Structure formats: structure tokens, C-alpha cells
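Understanding the architecture of this molecule
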Amino acid sequence: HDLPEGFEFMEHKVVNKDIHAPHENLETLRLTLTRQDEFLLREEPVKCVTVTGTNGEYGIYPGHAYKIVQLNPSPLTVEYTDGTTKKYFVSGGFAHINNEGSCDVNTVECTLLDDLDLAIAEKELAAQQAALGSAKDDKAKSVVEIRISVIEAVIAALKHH
Amino acid sequence: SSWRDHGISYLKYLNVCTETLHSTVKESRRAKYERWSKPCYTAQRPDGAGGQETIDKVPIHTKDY
Amino acid sequence: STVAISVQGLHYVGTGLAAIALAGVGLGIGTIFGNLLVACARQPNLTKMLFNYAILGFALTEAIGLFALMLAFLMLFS
Amino acid sequence: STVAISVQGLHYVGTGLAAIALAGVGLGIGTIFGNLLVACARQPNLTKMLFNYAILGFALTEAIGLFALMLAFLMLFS
Amino acid sequence: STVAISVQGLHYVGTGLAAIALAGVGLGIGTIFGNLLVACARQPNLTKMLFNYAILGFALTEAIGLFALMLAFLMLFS
Amino acid sequence: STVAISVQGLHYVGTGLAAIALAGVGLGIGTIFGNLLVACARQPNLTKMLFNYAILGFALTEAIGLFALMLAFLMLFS
Amino acid sequence: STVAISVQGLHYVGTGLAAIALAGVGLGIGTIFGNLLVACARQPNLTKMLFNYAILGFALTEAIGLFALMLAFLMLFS
Amino acid sequence: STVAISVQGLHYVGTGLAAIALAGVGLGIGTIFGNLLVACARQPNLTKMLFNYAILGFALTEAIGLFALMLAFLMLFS
Amino acid sequence: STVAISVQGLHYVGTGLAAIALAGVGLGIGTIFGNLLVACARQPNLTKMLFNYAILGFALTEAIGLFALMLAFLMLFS
Amino acid sequence: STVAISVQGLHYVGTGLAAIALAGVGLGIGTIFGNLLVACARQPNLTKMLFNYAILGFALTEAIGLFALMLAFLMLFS
Amino acid sequence: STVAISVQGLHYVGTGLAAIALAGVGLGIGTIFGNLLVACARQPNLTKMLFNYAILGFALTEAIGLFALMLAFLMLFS
Amino acid sequence: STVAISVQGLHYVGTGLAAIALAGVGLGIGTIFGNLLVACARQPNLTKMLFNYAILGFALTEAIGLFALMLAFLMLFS
Amino acid sequence: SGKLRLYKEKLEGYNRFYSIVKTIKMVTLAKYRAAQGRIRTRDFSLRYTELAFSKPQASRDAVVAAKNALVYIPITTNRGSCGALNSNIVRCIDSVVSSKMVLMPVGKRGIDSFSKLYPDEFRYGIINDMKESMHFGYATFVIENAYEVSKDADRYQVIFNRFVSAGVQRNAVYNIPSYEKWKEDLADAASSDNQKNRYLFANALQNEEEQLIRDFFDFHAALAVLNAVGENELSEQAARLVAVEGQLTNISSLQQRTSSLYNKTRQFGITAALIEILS
Ligand SMILES: O=c1ccn([C@@H]2O[C@H](COP(=O)(O)OP(=O)(O)OP(=O)(O)O)[C@@H](O)[C@H]2O)c(=O)[nH]1
């Protein structure tokens, strides 16, 4: 009796480059954008990806050093080698960058910036501001601040372009 | 930012962020997106009488955080 | 005994030393315009505010630079 | 035997030295505005309080600079 | 022979040297505030304890600066 | 006695001292570009912007050096 | 010839040089507190402990300055 | 009296002081390349561009050095 | 012709120059303790171990100063 | 009157000053290799390009040091 | 005319200038141990190897300091 | 008039100045080893290459140190 | 009289039962069609989760070695008629019985099955109404309740059903060790040459702060739980379809049997009455 492990059924493993190996010049980055155990892009070759981390923005191009990034509610830009830009907006998650030429961006929610609307964000922001004064306690204040920050980020992303 | 000092965990922060993001979605698409944030989960224990005693270990809604 | 001397050439030496005060001043400016870049990459949306603060810092350092330059020029034409 | 000598030009030399300290002041200012920007990029919501604290630091450093500059000027006119 | 000489202006030189001791003092203060800003950006809720520690550091550095300035003023009046 | 003395070879020494200011200038420039690289490696798409700001920094620190150079010439030809 | 010359004012010069030591000490102290802030904003639960260590460092670093200062006094009162 | 004096050897001392400028220049250059490495490791795909900018920085710092050398060669041969 | 001069007051200059070395020692100690404070906030469980190493560095950094200090006495009392 | 004095020993002091430039050279080189190691830790597969660029930087900084040595030897044998 | 002047008190200045070289050795040791502390927290499982490497670096810096002290003692006695 | 002097003790002064170069050498070495430890913390399996590169950098800096030492010995033993 | 009436009545009952089961089949087929889209979009979210938690380990040392609570989070369906999934999960749990075992099951069936069999190793269960899509919030709720059940827990074992194909639903396990053990293993991988495949990953994690590491741990645990619940839902739908088809076949066979008996009874009664009346 030996139960399997759910990772054995997934054959698309992660390719980690060895320390003492020759370098390779890459022209494309394999992106893997995921939302709630669902991918929008499957190892798509792209020229670059811009992700807004906690410390600041990161512009990931092929060959970037191995790194882990804790994302914040913010836009995410994907620019293909053709010259076409695709912009999403994320609410949170992580971004794993591999020196072998891969970037796995696993987000709780990643939705097209077009799907978002402006007036809705403005009214929700006003409601949250009104509720902040009537916050039951400190925790409610922090939660309302979180929501307000998310809405402000959405509005800034929309107004930028 | 200030939510960590109050004991709020990271997962609750993610849930709040996703709920706000869904609330910011257009009218048409929200019908789909709202299905990924509506709480429909509860904790229960069977008592002697058969009643499903509900637990309060973790809040279900975001306003209860 | 009672003796007194007036070495004129010394007025050059001091003028040189005051100039060394600029060594830090210039360096300071660099530091600003270093971090500014690192600040503009992380938050490109705030280039204007960061640039204004950098200009403020440059002016504040230039004040000290002009103080030292004033000392040097006074000790040069005196 | 006794020989008392009053060299007039030496008061220049010291003056210049008193100005060198200004470098350690000016550079310091940049350091403040070297990091302030970064902070404003890390936490843009605190663009105001950080500015006030940096101004306080600059004021203290400028007080030190003026303390040195007083020695610089006293020996230039005496 | 047994010659002996006293020079008047030398106290301007040494005094100036002591003023250079304020170069590393002021700079030091700036460094503190620099870091302070970053800290206040990293942990914005600690805007008062960090301010207190920065004030303590400034006080100690200023004590060192005053120790140097005492010599600077004392030689200038000897 | 009242010995006015004119040492013609001192104007070299001061000149050299002024040149030391360039040490704090060139170094500063390097710092800028140093950070510039780290800023380009993070957000390369912003290079065309950052570069300009970097140039601006070099246009300021360099302007400081000229002042020192000016002295180093005025004392070297007077 | 063979002259036993005794200059008096030199004791000022050396004294001033000793004060330059403080330029490091002061700066060093600042560095400590700098890191202290970056350490209190990175793990505030240890603040008190950290503070203690910081003080210890000061009580060591400051001591070095005293050494230098002592020398100054020895030369300034002799 | 009016005692003009031409001390030849002084034209060496100033030259040496000018060479101290190369202390900064050199260091600055190193700093640039330092960051260059940290950048080329972060995003190797941009090495080329980074390299160019690094060269630019060098081409500026060395320029300052030239002035210093000029001063030296304008005082050693004078 | 052959002239022998024995200046008595020059040991002050050498003593002060030797004392200048303590700036580096103070700065090194400050850097050690700043890095210690940063490290302990990252790995608190091992704080004690770190402390020991820090002290070791101090033991290996103060000693150098003693040598400099030693020279001072060897010239100040001679 | 004008009094031409040809001192011999002054060709040594200037030499000793030029060597100080090397202090800003060696440190710079250190810096480079420092960063190199970090780079090889972050992107170890890119060791060769980093090594070549570091060698280039060392060559340039050593060229600056060689200019300083040229000046030092010219003055030492003059 | 020709004057063969032998000043008996100039070796103190050289000894002090040589002793100044320890300000770099001390700061280098401080940097070594600060980085050691930072690294041990990062990867405590390799404490012994890091300690050995830091000891090696300290030994090299101490060798440099020993050369400086050799020069200082030689000038002080000879 | 036509006049010429030769001071014996000046060759000490220059020697000391040359030793100051080592301040920028030893420190550099520390820098290298500093970074080395950090690298060895985040790439334990790449320790051999890092150690070899650190030794290379140390030797390259020691080359500058030996140049300065040779100048000092030439000015001390001749 | 009585036999024929009873046979016809039970035949009508079987007919109604068959119609109800057919409606259930159609509804479940619609749900399966809606949920089948996951197959295209799966097997890519959990890539670095493998590095975080995938470890080939023995089934004995990991069990006996621990002396703290071993939390178990079996995934079970709310409604029955799924098949043998719940039975197999219960068997797997039974094979792993220990004094340290603690259960926080999921679904009504799991609660009702583990409450009676394991009363002293059962604390409480989670229930989700299958109204919305299985989202991250549900996984976070499960993880938070698991932590509150036993915070000083050696591991958190999630047992679910993996839907390999329409007719293959295996049992899969996700093991989520405690933060301390995970940190120890990560440090060993980063330093030692062993675990060469996770060396870069561990070193990257170490370079970052500790709050980030904890957030990473929680996030990937939630992702694993989400994958488990989604696969369990899909497997439940498939098995429900299969069992419904089997029940339909059995019902049809029983209806045929009853029709044959009804024919035999009517013929027998008619002939017997005719013979005993007109003969
Ligand atoms: O006091 C400290 C030190 C370090 N750190 C954190 O440790 C990490 C060290 O990260 P690195 O130093 O390895 O990378 P980096 O320069 O690219 O950093 P980022 O711009 O990506 O942030 C960074 O994420 C930094 O924020 C702190 O948060 N506080």
C-alpha cells in the first residue's frame, strides 16, 4: 500500500539549469500565466513581461536570474516579439523566474484590464471611504484600506492608458 | 501594510483583494467572475441530537475579518 | 624677540583647501542622481515627484558648494 | 633663545581647513535625499512625513555645517 | 646652540584640523536619517520609536562633534 | 621686524589641492552610471528616460568640477 | 653647525590631527544606529535586545575616540 | 622687507597633489563595472547595451583624469 | 655647508598622524555592529553565536589601533 | 629682492603623494571583484563574460595607476 | 650657495604617515567580519567555512599592516 | 640670488605618504572577501571558483601594494 | 386479483424510478459537460508547488517518526450515489490509523462516515454548497480550519480523487509538512549537494525575507487544496454518471422481469378461471 502523489499526474515539470553548464543566449521567454488552477497562457514565447512586485516593478527578459516575487494588486504587461502588448490586472499571487528562460506567474485572479470599468471603481471607492469612518474596529479599518488601495491601483492602471 | 499588525493573514488579504477586483468588473463579465468569490462554505460538527453545530473557528465572509 | 612676518603666497593654499569641500558636494549630487534612477525604475509613475525632490537636494548641496566657493574666492582675491 | 614670530598669512590655511568639513556635510545631505526617494518609491503614501524627517535631518546637518563655517569665517577676518 | 621659537598663527592651523572632525559627524547624522526613512517605509507604523532612536544617535554623534569643537575653540583662544 | 615675503612657488601647491576636488567629482559620476546600470537591468524599457536623467546628473557634477578647475587655472597663471 | 631648536606652537598642529580621528568615530556610531533602524523595521519584536547591542557598540566605538582625544589633551596641555 | 623667493622644488609637490585626483577616477571606474556585473548577471540579454553605457561612463571619468594629468604635466614641466 | 638642526617639537605632528589611524578602527567597529544588528533581525535564533564572532572582530580590530596608539607614546614620550 | 632657491628633497614628498592615488586604484579593483563574486553567485552560468569584463575594468584602472606611477617616477628621478 | 641641512625630527612625521595606513586595514577587517555576520545568518550551515575564509582575509590584511609597521619602525629608529 | 639647498630628512616624509597607499589596498582586500562570504552563502556549491577569483583579486591588489612598497623602500634606503 | 395488481403497481413504481434516474442522468451530464473544460486548463498551475512539496518518501518512517498531531483532510462528496470513491478514501484512512491521527473531513458523506468509525479522532468537518465554482476562498477556509484544529501539527495530508479519464479515478495525496520541517529541508537542499533539483529554488527562497516565505508556503498549500477539490468534483461527476447508468440498466432488467411475471400470472389466472368455471 503506497498512495501516489498528485504531482505524479503532471508531466509538465520545471526545468532547472545546472550550476556548472554553458550559457545560452535566448530570444524568447516561456510565460505561464495562471489563475485559480487555470492557465491563460501555456508556455507562451514572449519578448518580455512587466510585473509589479512589492518592492517595485520588475521587467523580466529572457535569461533573468532565478527569483521569487510576491506580487501586489497591479497591472501585468506582456510584450511579444511581434510587437503586440497584452495587459492584465492581478489581485495577488507569486511570480517564479527561472534562469533557464521561464516565468510562472500564479495569481489568485488575473483579469483583462478591458474587463474592468472606471465608474464602478469610483463608486466602490466612495463607498469604502464612507465606510472607513464607520469602521467597527481596527481590523475593519485595515480591510477597508486594503480595498481602497486595490481600487486606487485599478483606477491608476485604467487612467494610465 | 497595516493589516499584518492586526493579525489578518495573507490568505484573507488575497480574498479581500479578489473580491474588490471582482466588484470593479464590468456588469457583463461580473456574472462569471462573481462565481469565484461568493462564500458558500461552512463548518459543521454532528451533535448528539443530530443538529449540525456550526463552528466559528474561521470567519467565512470578508466583513467578519 | 618681537618679530612679525607676512607670507603673501599662503593666500593660494587656503583657496585650494576650500575647493576640496566640493569633492563631497559633487559626490553627494551623484548619490541623489543615483538613487533617483533606482527609484524611477521601481515606481516610474512617480518620476515627477522624485525628480522634484532630487532637484531640491541638489539645490541644498549647491548651497554648501557656494559657501565653500565664496571662502575660496575671498581667500584668492585678498 | 627667544624668538616670537607672528606669521599673518597662516590664518588663511586654517580657514580653508574649516571649509573641508563642509564636504562631510554636503555629502550627508545627498545621502538623505539619496534614501528619501527610495522610501517614497517603497511607500508612496508617506511622501509627507518622510519629507519632514529628511528636512529635520538636513537642518541638523546644516547646523553642524554652520558651526564649522563660524570657525572658517572667524579666522579669515582675525 | 639652544635656540627657541614661538609662532603665533599655528593655532589657526590646528583649529582648522579639528573642524575636519565635523565632516564625519555631519555625514554620520545624514546616514542615520537616511536609514530612518527606509525603515519608516518598511515599517510605517513605527514612526515614533525609530524617530526616538534616530534622535539618540544624533545626540551621541553631536556629543562627539562638541568634544571636537571644544578643542577647536580652545586652541583658537590660546 | 616686519618681513613681507612673496613665495612665488606656492601657487603650484594650491592648484594641486583644487584638483583633489575632481576626485569627488569623477567618483560621483561613476556612482550615477553604476546605479543607471542597475536601473536599466530592472526596467530596460525605461532606459531612454533614465539615460536623460543620468546625463542631467553628469551635467551638474561636471559643472562643479569646472569651478575647481577654474581655481586650479587662476592660481596656476597668477 | 648644530642647533637645538625648540618650537612651541607645534603642539597645536598635532592636537588638531588627533581630532580628525573623531571623524571616523562619529561616522561609525551613525552607521550602527542606521543599521539598528533597518533591524528594528525588519524584526520589531527584538527591538529592545537590538538596542542593547547598539549601545554596547557605542560604548566600544566611543572609547576609541577618547584615546585620540586623550592624546590631544596631552599635547594641548604640554 | 620685500623678500620675493622662488622655491623651485615646490613645483613637484603640487604635481603629486594632482595625482591624488586619480584616486577618485580609478575608484569611480571600478564602481561602474561593479554595478555592470550585478546588472549583466540580472539580465544577461541586455549586456551589450549595458556595456556601451559602462564605456560611456569610463569615457567621462577618464576625461576628468586628463585634466588632472594636464595640471601635473603643466606644473612638473614648469 | 653642513648644518645640523634638531627640532624638538615635531613629535606632536607624528603623534597626531598616528592617532588619525583610529578613525578607520572606529569605522570598522561601527560597520561590524551594524551588520550584526541587521543579521540578528534575520536569524534571531543564532544571535548569541553572531555576537561572539562580532566580538572576535573587535578583538582583531582594536589591536591594530593599539599598535598605532603604541607608536604615539613612543613618539610623544620621546 | 627675488631669491632663487633650489631645494633638492622636495622631489621626494611629491612622489609620496602620487602613490596615494594607488589607494583609490586598489580599492576600486577590490570593488570590481567583490561585485564579480556576487554576480557569479546570482548568474553562475555567466561566469566567463563577467570575468572578461572584470579583467577589462582592472586593465583600465591599472592604466590609471600606471599614469600615477609614471608621474611618481618622473618626479623621483628629477 | 649650497646648504646641507640635516633635520633630526622629520622621522616622526614619516612614522605617523605610515601608521595612518592602518585606517584601511582596520576598516577592511570590519568589512570582512560584517559580511561574515551577514552570511552566517543567510546560510548558518556553513559557519565554519565562512569563518576560515574570513580568517584568511584577516591574515592578509594583517600582513599589509605588518609591512606598514615595519616601515614605521624603520623610520622611527633609523 | 642663486641659491641651492639639500635637506636630508625629507626622504622620510615621502616614504610615509607612500605607505598611505596601503590603506586603499588592504581595505580593498577586505571588500573582496566580504562579498566572497555573501556569495558563498547563496551559492555553496560554487565555492571553489569564487575562492579562486578572490585569490586572483587579492594578488592583483597586492601588485599595487608592492609598487607602493617599492617606492617607499627607494625613498627610505636612498 | 392480488398478484396481478401488485405486479402492475410495482412495475409502475419502477417506471417512475427509471424516469427520475434518467432526469438525474441528464442533469449530471450537463454538469459534467460544464466542468470538463478544466482538463484543458489543468496541469500547469502546480509546477513550483512540486518543488515546494514533492518528495519521494517512505510510508512508514514519515508516519512512525512524528510524535505530534498528524492532520488528515480527506475530500468527500456531499451527495451519495457517487460510487466507490468515499469507500476507497475511508479504506486509505483506515490503513493509516495512528494515535496521532486527526480528521477534518470535507463533505457531508465524509463527516457522517468518519464521525462514527473514528469518534475520538474527529474534530469537525467543512461543507461547501455546490452552487459556485470551487475557488481560492474555499481552500483558504479549509487551510485556516486545519491550522486551528492542530497548529503544532507534523503534517497536513490531503486525500482526494484524481480524474485520469472518464472511467479512471485514482486516489492521490498531497503532503504539507509543518513550517519548521519544511524550513529544515529547504536549508538542507540549499546548502548540501543533495536535493540538487531544488538547490536554486531553496537558495532563492532563503535570499528573501521570512514573511515572504511563509506567504509562499500558505499560497501553495491553498493551491494544492484547490487542485484537490477540483479533481474530486470532476471525479464525483464522472462516477455519478457511471453509477446512474448502472442503476438504469438494473432497473430495466427488473422491469423486464416483472413484465414477464405479469404475463405469466395473467395467462395462468385466465386459463385457471376458465377451466374451473366452464370446465
Ligand atoms: O533589511 C532588509 C534587507 C533586505 N530586504 C529584502 O531582501 C531581498 C534581497 O534581495 P536581493 O538584494 O537579492 O535582490 P534585489 O536587489 O533585486 O531586490 P529587489 O529589488 O528585488 O527587492 C529584497 O527583497 C529586499 O527587499 C528587506 O526587505 N530588508
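Residues numbered from 1 in each chain as written, not as in the entry; some residues may be left out. Chains lettered and ligands numbered in written order. Heavy atoms only, no water.

As recorded in the PDB header, cryo-EM is the method behind this entry, and the stated resolution is 3.7 Å.

Labelled according to the PDB entry, chain B appears under the name ATP synthase subunit epsilon, mitochondrial, originating from Trypanosoma brucei brucei. Here the PDB entry title reads "rotor of the Trypanosoma brucei mitochondrial ATP synthase dimer". The Sequence similarities field of the UniProt record for chain B holds the comment "Belongs to the eukaryotic ATPase epsilon family." (UniProt positions renumbered as here; feature names shortened; annotations may be inferred.)

The PDB entry lists chain A under the name ATP synthase, epsilon chain, putative, with Trypanosoma brucei brucei as the source organism. Under the heading Subcellular location (unreviewed entry), UniProt records this for chain A: "Mitochondrion inner membrane". Quoted straight from UniProt, the Sequence similarities (unreviewed entry) entry for chain A says "Belongs to the ATPase epsilon chain family."

Details of the sheet that holds strand β1 (residues 2-7) of chain K
With parallel pairing, 10 strands are arranged side by side around a closed barrel as β1(C)-β1(D)-β1(E)-β1(G)-β1(I)-β1(K)-β1(L)-β1(J)-β1(H)-β1(F). Sheet twist, expressed as the average angle between the axes of neighbouring strands with direction ignored, equals 30°. Note: strand β1 (residues 2-7) of chain J against strand β1 (residues 2-7) of chain L, 4 bridges, orientation parallel. Within β1 of chain L, the position partnered with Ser-6 of chain J by the bridge is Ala-4 of chain L. (Pairing = 2+ DSSP bridges. Helix = DSSP H or I, 4+ residues; strand = E, 2+ residues; numbered from the N terminus. Axes fitted to C-alpha atoms, helices over the stretch in contact; angles between N-to-C directions.)

Concerning the pattern of salt bridges
Considering all chains together, one arrives at 25 salt bridges over all chains under this definition. Its salt-bridge partner being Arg-42 of chain M, residue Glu-231 of chain M comes within 3.3 Å of it at the nearest N-O pair. Placement of the pair is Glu-231 of chain M in helix α10 (residues 210-278) and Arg-42 of chain M in the loop between α2 (38-41) and α3 (48-53), with a sequence separation of 189 residues. Judged by relative accessible area, which is 0%, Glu-231 of chain M ranks as buried. Beyond isolated ion pairs, a larger network of salt bridges with shared partners links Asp-37 of chain A together with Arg-38, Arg-42, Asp-43, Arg-162 and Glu-231 of chain M. (Salt bridge = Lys/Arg side-chain N within 4 Å of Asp/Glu carboxyl O. Buried < 20%, exposed > 50% of the residue type's maximum accessible area, 1.4 Å probe, protein only.)

Regarding the packing of helix α5 (residues 85-95) of chain M against helix α6 (residues 108-117) of chain M
Residue and element names in this part refer to chain M. Interaxial distance between α5 and α6 falls to 11 Å at its minimum, and their mutual angle equals 35°. Classified by chirality, the crossing of α6 by α5 is right-handed. Where α5 abuts α6, its residues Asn-86, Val-90 and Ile-93 lie against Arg-109, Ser-113, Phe-114 and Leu-117. (Left-handed = near helix turned anticlockwise from the far one by under 90°. Contact = heavy atoms within 4.5 Å.)

Side note on the interface of chain A and chain M
In this complex, chain A contributes 37 residues to the contact, which on the side of chain M involves 47 residues. Carbon and sulfur atoms supply 61% of the area buried between chain A and chain M, which totals about 4,200 Å² over both sides. Per-residue buried area on chain A facing chain M is highest for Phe-7, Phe-9 and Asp-37 of chain A; these three make up 19% of the total on that side. On inspection of chain A and its partner chain M, the count reaches 14 residue pairs in polar contact. Secondary structure elements with two or more residues in the side of chain A that touches chain M: β1 (29-35), β2 (39-46), β5 (67-79), β7 (93-98) and β8 (102-107) of chain A. With 4 residues, the top contributor of residues to the side of chain A that touches chain M is β7 of chain A. Within the side of chain A that touches chain M, the residues separate by chemical class into 12 nonpolar, 14 polar and 11 charged. (Buried area = accessible area lost by both parts, 1.4 Å probe. Polar contact = N/O pair within 3.5 Å; in protein donor to acceptor, adjacent residues only side chain to side chain. Nonpolar A, V, L, I, M, F, W, Y, C, P; charged D, E, K, R; others polar.)

Here's the deal with the interface of chain H and chain J
Across the contact, 41 residues belong to chain H and 40 residues belong to chain J. Summed over both partners, the interface of chain H with chain J buries about 3,500 Å², with 79% contributed by carbon and sulfur atoms. The interface formed by chain H and chain J includes 9 residue pairs in polar contact. Sorting the residues of the side of chain H that touches chain J by element identifies β1 (2-7), α1 (10-19), α2 (21-42) and α3 (47-76) of chain H as the ones contributing at least two each. The biggest single contributor to the side of chain H that touches chain J is α2 of chain H, with 16 residues. A class-by-class count of the residues in the side of chain H that touches chain J yields 27 nonpolar, 12 polar and 2 charged.

Some words on α1 of chain H
By the criterion of burial, α1 of chain H is predominantly enclosed, with 10 of the 10 residues buried. Of the residues making up α1 of chain H, those classed as buried are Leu-10, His-11, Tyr-12, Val-13, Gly-14, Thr-15, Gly-16, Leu-17, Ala-18 and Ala-19 of chain H.

Let's talk about the domain arrangement of chain A
Residue and element names in this part refer to chain A. What the domain assignment lists for chain A is domain 1 (21-116) and domain 2 (117-161). Each of domain 1 and domain 2 has a C-alpha centre, and these two points are 26 Å apart. Listed per partner, the contact involves 7 residues of domain 1 and 7 residues of domain 2. For the pair domain 1 and domain 2, the summed buried area comes to about 580 Å², and 73% of that belongs to carbon and sulfur atoms. The largest share of the area that domain 1 buries against domain 2 comes from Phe-89, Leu-113 and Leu-116, three residues that together contribute 64% of it. The interface formed by domain 1 and domain 2 includes 0 salt bridges. Linking domain 1 with domain 2 are 1 residue pair in polar contact. Those elements giving two or more residues to the side of domain 1 that touches domain 2 turn out to be β5 and β6 (85-90). Across the side of domain 1 that touches domain 2, the residue classes break down as 5 nonpolar, no polar and 2 charged. (Domains from an automatic or database assignment.)

So, the site of the ligand
Neighbouring residues of the ligand: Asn-55, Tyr-58 and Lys-67 of chain A, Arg-42 of chain C, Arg-42 of chain E, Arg-42 of chain F, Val-38 and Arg-42 of chain G, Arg-42 of chain H together with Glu-208 and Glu-209 of chain M. The environment around the ligand is built from residues contributed by chains A, C, E, F, G, H and M. Here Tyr-58 of chain A contributes a side-chain N or O atom positioned 2.6 Å from an oxygen atom of the ligand. Side-chain polar atom of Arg-42 of chain F to an oxygen atom of the ligand: 2.4 Å apart, as the coordinates give it. For the ligand, whose accessible area on its own is 580 Å², the fraction buried by protein is 71%. Considering only residue class, the shell around the ligand consists of 2 nonpolar, 1 polar and 8 charged. (Near = heavy atom within 4 Å. Areas by Shrake-Rupley, 256 points an atom, 1.4 Å probe, with all protein chains shown as cover.)

A word on the environment of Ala-68 of chain H
Mapped onto the elements of the fold, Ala-68 of chain H is located in helix α3. For the pair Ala-68 of chain H and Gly-16 of chain H, spaced 52 residues apart in sequence, the C-alpha to C-alpha distance is 10 Å. Not counting the four nearest positions on each side in its chain, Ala-68 of chain H is found in contact with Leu-22 of chain F together with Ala-18 and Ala-21 of chain H.

Notes on the sheet that holds strand β2 (residues 52-54) of chain B
Within a sheet, adjacent strands bond to each other through the backbone by hydrogen bonds, running parallel or antiparallel. One open sheet holds the 3 strands; their spatial order is β2(B)-β1(B)-β3(M), and the pairing between them is antiparallel. Only two strands of the sheet have a single partner each, and these edge strands are β2 of chain B together with β3 (125-128) of chain M. Pairwise comparison of adjacent strand axes, ignoring direction, gives a mean angle of 50° for this sheet. In the sheet, strand β1 (residues 41-46) of chain B pairs with β3 of chain M via 4 bridges, with the strands oriented antiparallel. Bridging across to β3 of chain M, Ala-43 of chain B finds its partner in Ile-126 of chain M. Against the sheet, helix α7 (residues 136-149) of chain M contacts β1 of chain B together with β3 of chain M, and its axis sits at roughly 40° relative to β1 of chain B.

Side note on the state of the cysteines
This model, assessed by the stated rule, comprises 0 disulfides over all chains. Residue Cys-40 of chain C stays outside any disulfide, its sulfur separated by 11 Å from that of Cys-40 of chain D, the closest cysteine. (Disulfide = S-S within 2.5 Å.)

Observations concerning the UniProt feature "binding site: UTP 2" (unreviewed entry) in chain A
Mapped onto this structure's residue numbering, the UniProt feature "binding site: UTP 2" (unreviewed entry) falls at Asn-55, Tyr-58 and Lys-67 of chain A. With respect to the element layout, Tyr-58 of chain A can be found in strand β4 (residues 57-60). If sequence neighbours within four positions are ignored, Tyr-58 of chain A has contacts with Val-49, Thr-50, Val-51, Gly-53, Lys-67 and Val-69 of chain A, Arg-42 of chain F together with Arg-42 of chain H. The topology assignment puts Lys-67 of chain A in strand β5.

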